[PDB]
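Down below is the structure, laid out as structure tokens.
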Amino acid sequence: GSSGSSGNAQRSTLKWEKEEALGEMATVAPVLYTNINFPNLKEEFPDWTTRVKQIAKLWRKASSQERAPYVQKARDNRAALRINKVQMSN
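No gaps in the numbering here: position 80 of the sequence shown is 80 in the authors' numbering, and each next residue is one more.
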């Protein structure tokens with residue numbers, strides 16, 4: 001278990017921007033789907049304010065059965081962090 005402040009409980013575009021860098025490691029359902037399906041996304045839409053919107057539209061387009069995995073993976077991706085990246089702090 002890590003320390004600090006209870007993981008910010010609030011889904012917002014402010015976070016997506018972050019997960020966008022993790023790509024396939026995106027801890028989000030939508031921010032992840034695009035990262036994979038649309039690898040060159042950034043290219044198509046350089047301006048975040050414009051790209052983020054593309055992540056939503058594309059996400060909604062997909063069917064629940066399609067997000068099924070992209071929905072769980074995002075959650076599991078959050079765990080990998082805590083586990084992996086083994087670090088020792090005094």
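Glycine included, every Cβ here is placed at the ideal spot set by N, Cα and C.
Using only CA atoms, which one of the options lies nearest to residue i?
i, options, result
"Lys-73", "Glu-43, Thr-49, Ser-3, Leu-22", "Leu-22"
"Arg-11", "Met-88, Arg-75, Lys-85", "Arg-75"
"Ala-68", "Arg-51, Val-28, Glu-20, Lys-18", "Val-28"
"residue 122", "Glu-19, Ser-3, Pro-30", "Any answer about residue 122 is impossible in this case: the structure gives the chain only from 1 up to 90."
"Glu-17", "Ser-89, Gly-7, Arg-51, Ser-63", "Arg-51"
By the DSSP assignment, the alpha helix (DSSP H) with residue i in it spans what residues?
i, result
"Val-31", "30-37"
"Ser-64", "64-83"
"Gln-87", "From DSSP, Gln-87 is part of no alpha helix (DSSP H); its letter is neither H nor E."
"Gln-54", "48-61"
"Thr-27", "Segment: none, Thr-27 is in no alpha helix (DSSP H) and carries neither H nor E."
Segment contact, 8 angstroms Cβ cut-off, at least three pairs: the stretch 35-55 with the stretch 79-87: no
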